[PDB]
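In: Take this sequence and fold it.
(5 chains, ligands or ions: 6)
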Amino acid sequence: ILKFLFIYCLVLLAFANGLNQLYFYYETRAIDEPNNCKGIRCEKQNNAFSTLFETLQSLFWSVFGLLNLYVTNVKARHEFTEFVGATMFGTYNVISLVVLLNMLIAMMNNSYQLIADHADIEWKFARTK
Amino acid sequence: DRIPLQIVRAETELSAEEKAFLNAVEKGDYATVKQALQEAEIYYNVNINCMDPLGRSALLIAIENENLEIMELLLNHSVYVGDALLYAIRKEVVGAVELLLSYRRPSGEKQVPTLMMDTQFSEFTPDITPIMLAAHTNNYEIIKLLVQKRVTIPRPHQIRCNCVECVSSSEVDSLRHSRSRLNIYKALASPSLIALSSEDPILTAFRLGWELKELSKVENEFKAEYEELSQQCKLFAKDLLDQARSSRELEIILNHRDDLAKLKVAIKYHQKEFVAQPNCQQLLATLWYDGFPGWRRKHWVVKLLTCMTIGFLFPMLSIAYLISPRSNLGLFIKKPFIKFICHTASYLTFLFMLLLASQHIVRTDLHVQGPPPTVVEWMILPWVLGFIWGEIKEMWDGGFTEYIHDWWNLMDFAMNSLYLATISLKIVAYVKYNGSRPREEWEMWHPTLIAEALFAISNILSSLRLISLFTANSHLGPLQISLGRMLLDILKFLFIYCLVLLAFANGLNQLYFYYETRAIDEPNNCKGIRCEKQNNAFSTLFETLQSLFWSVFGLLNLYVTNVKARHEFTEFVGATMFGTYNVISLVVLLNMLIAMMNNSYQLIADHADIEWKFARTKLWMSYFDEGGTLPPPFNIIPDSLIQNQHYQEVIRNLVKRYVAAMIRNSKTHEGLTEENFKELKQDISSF
Amino acid sequence: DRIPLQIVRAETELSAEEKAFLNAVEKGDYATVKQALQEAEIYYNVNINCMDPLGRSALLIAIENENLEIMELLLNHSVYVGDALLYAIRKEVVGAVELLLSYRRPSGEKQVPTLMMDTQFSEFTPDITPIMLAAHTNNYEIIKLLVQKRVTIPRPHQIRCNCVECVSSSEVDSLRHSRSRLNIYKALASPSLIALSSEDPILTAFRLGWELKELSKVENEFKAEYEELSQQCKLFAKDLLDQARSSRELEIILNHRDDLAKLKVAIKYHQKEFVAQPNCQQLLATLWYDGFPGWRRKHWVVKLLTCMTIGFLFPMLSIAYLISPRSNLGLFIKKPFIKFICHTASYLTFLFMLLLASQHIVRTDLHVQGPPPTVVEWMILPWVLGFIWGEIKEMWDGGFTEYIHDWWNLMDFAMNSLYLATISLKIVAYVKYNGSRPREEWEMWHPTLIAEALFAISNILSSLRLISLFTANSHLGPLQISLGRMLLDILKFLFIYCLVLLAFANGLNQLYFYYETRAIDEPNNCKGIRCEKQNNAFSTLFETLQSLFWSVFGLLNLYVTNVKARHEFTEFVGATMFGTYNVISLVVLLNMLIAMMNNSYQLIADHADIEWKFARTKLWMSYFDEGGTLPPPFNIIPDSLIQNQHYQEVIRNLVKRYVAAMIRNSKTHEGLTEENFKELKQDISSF
Amino acid sequence: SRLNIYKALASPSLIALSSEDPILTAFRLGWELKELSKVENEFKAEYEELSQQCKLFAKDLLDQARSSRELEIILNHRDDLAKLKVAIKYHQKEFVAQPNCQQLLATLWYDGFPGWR
Amino acid sequence: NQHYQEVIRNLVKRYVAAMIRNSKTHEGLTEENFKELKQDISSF
Ligand SMILES: CC(C)CCC[C@@H](C)[C@H]1CC[C@H]2[C@@H]3CC=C4C[C@@H](OC(=O)CCC(=O)O)CC[C@]4(C)[C@H]3CC[C@]12C
Ligand SMILES: CC(C)CCC[C@@H](C)[C@H]1CC[C@H]2[C@@H]3CC=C4C[C@@H](OC(=O)CCC(=O)O)CC[C@]4(C)[C@H]3CC[C@]12C
Ligand SMILES: [Ca+2]
Ligand SMILES: [Ca+2]
Ligand SMILES: [Zn+2]
Ligand SMILES: [Zn+2]
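Out: Numbers count the residues shown, from 1 in each chain, chains lettered A, B, ... in the order given. Ligands and ions are numbered 1, 2, ... in the order given. The relevant structure is shown in the block below.
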């Protein structure tokens, strides 16, 4: 798992940098937004790619599906920028949920198959210790 | 009910005298055969060339029983000698093959006795010459004896051959042509024939391995045999390299030319076993850590701190090479490890500055139409030009036929195209979009927005370029090799997934685009799946494709299949379509992809060490040359006969060591038992 | 720097005369030994019991070289004969063991010659008697020869033994006790000793297999050896059954008593290989399809239609058994297949009526506090009472110690408890809740609502009871066997998952329950995660457990970690806790569970045929008896010596066939080669 | 030369003949060969095979015991269970998980509760 | 130390016996038998 999260952290940093670089012009204040809140932890999901920390949080939470789709929508009608941001978000989702997670599944299943033969000796060694 | 059993294909039954003669031959009695041969000459009782039903002849049975005196008497009395040499060669006995080779010319008088109908059965195909079968059996002594008698093998043609004789032979009889080519390549790929009849066994093994791999790619039917022959050639080259005993022999082998020329040839021919041999890896490690002796013995703290300071000294030690290449400080950059660390530090600095360009400290006054570049972008532009010049230099040096085989140069080309695009869009927006119009009323297709979008995509590609540095580490190399194989499996899967997605998107759009609504009628003046309330999702083909893509991750809600009017049947049919697509793409296809990459990971995990070492060698030798010494921020700032004699002297010892290492590992239980039984029988008979 | 190599444990070096004597012994010369033995008697030059450093003696070397005349001369001249019988037995030669057995009593005069310090080395432990080692080697002739001479083996005690001698021997020397018990059980589990010294080899094999499995469960250290011995006993029983040649022998074996008594014994001892043997399966299939000959040869359409009509004739043919058991129609229910189909049809009718009870056609006037039962429920009540009476009858017959081992009776007990609970709640709500109060103002703890909830849970259990019918089919049997094993793996996983869930729920509740709000302040007067707007999710331990359970399936939103005030640090820490729990429970633990059940499926897929056949046999023999003929809607409506002689006659032929089938498959390449070499050497020496 | 020397020193017969403490010698050579396998990248398989050979030699030499007194003499020998602590320190998993050592450790663990199994 | 060396003597000698008897294989026994047969035939 640690060997996998090295690559996942690299990919997450890359896509968070790309999304934040595209999107932080459209940051809004908490007063203009409803309920005086700003972030992805609101009832209506506010600006999610306005800071590097907020982009990292949003791209982390998007793996479990708790990040909605309308976070890639801006106030003005910049359809090309919205489409490019949605393409970036979709590519990150495809990687982190179709490639990387299934590779992690295959990796730990292979390692479980190698470790299941010697599962008796090391358990007895740990119990003796 | 009594199924009748009868010999439906009845051979001619042997005569009683013939049965007695071959029974005497297989008995091994020397005295009884001679009276039979004299009476067959005089009285013509026994045809000497008779044939028992299980495919054997008296000479041929004497070959199997390896008795030489019965051989000599029979062949003195003129048995048909043809096709018997192949059985002796397959028997792998020196005495029989020497006896039939020696007595091919017994001062033959009146040509040969006539024969009719006895060249019916031969276990070997007519294209098999004795040298080819000797190479197939891979026995050193028989091959040497045959080669000493001036024998030849036909040369196979090119794979892409269109001459008259190859086309005519393939058209008339394709099976004979394929068998002949496979037999010729089996004869040429034997280690003994390469060790005996080629002056450069390593280069010959490399070329035959590459040719057999290409034939395996072309010829679909004999793929397994050609792959086995290529593997045999590769392991022969690896063993011949492995028989070395000193570093001087290893560096004579590797540096031999027609610096490391033979290693470059081996990499060009994809010889992974030759490259990943431990002594070659040790020599490459000693060349890689040129200025840092004992790098493996250091504690990781001082290794890490040395890397820390030599990475942080990246603006220095590169201008020193510019101002004084011959100084003690100037020569310290020419070593490959310092080159690699300086390039890595330069790329990390580039990524850090692209990270810093996305902050509010630098970015000011966003409400200008065409903005002048900020001080961060003015400083960035030399690294972009350095990457451009480095990729241009890599495109000229080495050739266009080698620049495209790396498969990382496509990513660099996309990076360069995006950087040129964003530079061009910024300069055109500077020169002819003067103004300060606020961003809320800009054109969708404003070139500033296109420039920023392409800049963001180039940022992602630049930050994802760091995958290629994983072979330098000892833990992330085989991991990305498995990534590379399973990515091909992913592409094979997305072919089927794209077909299914296109089918269901067409079906949903065909059902649903009547109920498209305008953006004015819908709340918040928005139209699409990227709204707070998910609007019409199946109203255009592009929108249907987007919705069916986003439905895999669960970000598409269920009420997108609901229309304004109360058409319950149409809504139910659309929901059924959406449910069927979800069942396929989330229960069938994804789990099949899981099983596919897990199976491929299980096959690739056995060889995860050799290909990682091959990739690490290919990365190491990229820094050995002097072309590309400077980092990207600074690269734009303005006798052969003696070597042949030594190589042949080394190859003599290596080949002789390898042939000794084969014979002693070739004597097995069965052959030793057969030799002991034959010796015991001979001693008992003589006594 | 010259590591000194020296013999640090130096044996006493042999004398030159001793070296000559043992060299003459290993040479095999008969003449040279005799003068040495006479001179050792007269001149006392050679100690006959001397010991070369590699653990051998002159008699013992003569044992390894299997020469009998040197044996006879040495043992005539009084070599120490002890411990040599074990080496002869391990040599597996009849002549040597017969010679040492015969000359144990050479009319011994003046006891034995004295010996000091030569019982130092024995390759065999002192607890090994010759019969035990003969059983260990598993050779028929040596075992027979030893048994013919009145030999005994000690009886092992019970596993749960607490007598004085077992406790004292375990306390003083546990290793010797464990080795002795393992050696005794290895001697008793050999097929030859069971075939020779037990009058009921099948029952003895069953009992020893069960005892060895129980010892493997108890003794942790020798689990592999005891499991191997149990497997050896099971395969011996399977082979002895497999050596049958006729149906009369098979039905004599299966029906032998101390109807199918031995099959019931085999099922009780969990002999899966004995039960799933093909001829026993054929006999059970012929008994199962008693009234339908040629059921396997029919096309599936007529088989399906026959099942269709005999399932639809379920109310008939059961009352016919009540009114006329001796009629032609009355006897047709006693066959097992018709019993199984009628029980399945009754259960399907019960499930269909529970489905029909949930419709608006029957249910009327929901606004009564205590409703009288409707006509559907009045009709249902006899099936519930029939299930009760059937489970009561199954609890008495067979015993309480067998009713709990099925593991399906827990589900039936839960079903029965729920049915009694809902019946009691309905009758109490009838008798003392008279009224017509509307449902919107009922008490939370109203017994009518509790009755309906328990009725729904009983409905789910009744409909999920259909899993147990999967062994009757040929495709769903091994599938649910794999389900059964992987469910145990699931329980092993949910132990760790429950621990992690409890930890993170405690952490979140400890952080968050200050900010609990009342239901009045929150919108729609609701409080919990089951609202339209997700309310406080970490305000109680139960609510935190529910929220962290529902977060695995993604049904818990992200804004549950937001509080009313602007405590950004507390919100961030809670979001970090929630994210860490999500990472664990969805990236680590679930994928580990995937890998675990995939690995267990790979191990269980090899044996998926035997255990399915065992489960199908256990289901088939449940319908063979006459107890439980009627369906649940109708079950409440008011000489031994001749058999022993035949069994022993069959066992004689079976055991003799099995021992012949072992010796011919016991002659191997190595033994035949050794015998041929010994015969050739003997013939050459004699000539 | 180094690989040949370590192959010569790791043979069971030479340890049994030329070392007065075969168990401790097997432990130390196994640890040294494992450390050499960690350091030397090229001969990792050979050094790991030699370390495994030393570990199984120590396990077999322990397994050739015949009585509890011999086992407790072996385990409690010093230069209480000193040799078991040494084996754990050298990561000898096959030596520790041998069944008779596990039985002795189980009897020491259930000191006041006889017949716990 | 004396008791330990006394135990190691028996353990090492048992282990070396357990190797030689499991070291005699089919091929070595066949080679020895063939050599003995050839020597006996030549001597006779
Ligand atoms: C974990 C998160 C914060 C992302 C980090 C991204 C980068 C800062 C990492 C990812 C890949 C790393 C590289 C992976 C492997 C190596 C090889 C490593 O050298 C060796 O392994 C020694 C042997 C040799 O290569 O000769 C030196 C560090 C370096 C360049 C690493 C430098 C730091 C990199 C670029
Ligand atoms: C697919 C959906 C609609 C759920 C259906 C549930 C039931 C109607 C099914 C599930 C399990 C089925 C049973 C599975 C296996 C069998 C055995 C089958 O008989 C055989 O396989 C012949 C050999 C033999 O058992 O002797 C007869 C039908 C039956 C009872 C099936 C009857 C129909 C059942 C109860
Ligand atoms: Ca490049
Ligand atoms: Ca029951
Ligand atoms: Zn041609
Ligand atoms: Zn007792």
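In: Now for the residue of chain A found nearest chain E, how many residues are close by?
Out: Chain E sits closest to residue A:121 of chain A, with a gap of 20.9 Å, by Cβ to the nearest Cβ. All C-beta spots, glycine's among them, are computed from the backbone N, C-alpha and C. Neighbourhood size, residue A:121 [other Cβ atoms under 10 Å in any protein chain shown]: 14.
In: Please give me every residue in contact with residue A:68.
Out: Residues counted as contacts of residue A:68 (Cβ atoms under 8 Å, 6 or more residues apart in numbering or on different chains) are A:45, B:555.
In: again, but for residue A:21
Out: B:354, B:357, B:358, B:452, B:455, B:456, B:459.
In: How about residue A:49?
Out: Here residue A:49 is in contact with A:19, A:20, A:22, A:23, A:24, A:55, A:58, A:71, A:72, A:85 (criterion: Cβ under 8 Å, 6+ apart).
In: From chain D, how far off is residue A:86?
Out: 46 Å (Cβ to the nearest Cβ, to the nearest Å).
In: tell me which element that residue falls in.
Out: helix A:79-94 (DSSP states H and E).
In: before we move on, the earlier item: give me the subset of the contacts of residue A:49 lying in helices.
Out: Under the assignment DSSP state H, the contacts of residue A:49 contribute A:19, A:20, A:22, A:23, A:55, A:58, A:85 to helices.
In: quick one on the thing from earlier: so which bits of the helix holding residue A:86 are buried?
Out: A:81, A:82, A:83, A:84, A:85, A:86, A:88, A:89, A:90, A:92, A:93, A:94 (16 or more other Cβ atoms under 10 Å in any protein chain shown).
In: Using a markdown table, please lay out these together with distance to chain B.
Out: A markdown table is the format used below for the buried residues of helix A:79-94 (distance: Cβ to the nearest Cβ, whole Å):
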| residue | distance to chain B |
| --- | --- |
| A:81 | 6 |
| A:82 | 6 |
| A:83 | 9 |
| A:84 | 4 |
| A:85 | 9 |
| A:86 | 6 |
| A:88 | 7 |
| A:89 | 9 |
| A:90 | 7 |
| A:92 | 9 |
| A:93 | 5 |
| A:94 | 9 |
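In: Just give me the neighbour total for the spatially closest residue to residue A:49 that is not a sequence neighbour.
Out: Sequence neighbours aside, residue A:23 is the residue nearest to residue A:49 in space, at 3.8 Å (criterion: Cβ to Cβ, 6 or more residues apart in numbering or on different chains). Residue A:23 is flanked by 27 other residues according to other Cβ under 10 Å.
In: One more: the one 3 residues further on?
Out: Here the count is done by other Cβ under 10 Å, and residue A:26 has 19 residues near it.
In: Leaving out sequence neighbours, find the closest residue to it.
Out: residue A:74 (4.7 Å).
In: For the one you found, give me its contacts.
Out: A:23, A:26, A:81, A:82.
In: one step back: could you list which of the ones in helices among the contacts of residue A:49 also contact ligand 5?
Out: Residues of the ones in helices among the contacts of residue A:49 in contact with ligand 5 (Cβ under 5 Å from the ion): none.
In: quick one, helices of chain A?
Out: Using DSSP H, helices in chain A cover A:2-23, A:52-61, A:79-94, A:100-115, A:121-128.
In: can you pick the most crowded of the contacts of residue A:49?
Out: Using other Cβ under 10 Å as the neighbour criterion, residue A:19 leads the contacts of residue A:49 with 29 neighbours.
In: I'd guessed that one sits against residue A:55; true?
Out: Yes. With contact defined as Cβ atoms under 8 Å, residue A:19 reaches residue A:55; the gap is 5.2 Å.
In: Just give me the neighbour total for residue A:8.
Out: Around residue A:8 there are 18 residues (other Cβ under 10 Å).
In: Excluding sequence neighbours, find me the nearest residue to it.
Out: Closest to residue A:8 by Cβ to Cβ, 6+ apart is residue A:100, at 5.8 Å.
In: Over to residue A:33?
Out: residue A:46 (5.5 Å).
In: Quick one: neighbours of that neighbour, just the number.
Out: For residue A:46, using other Cβ under 10 Å, the count is 20.
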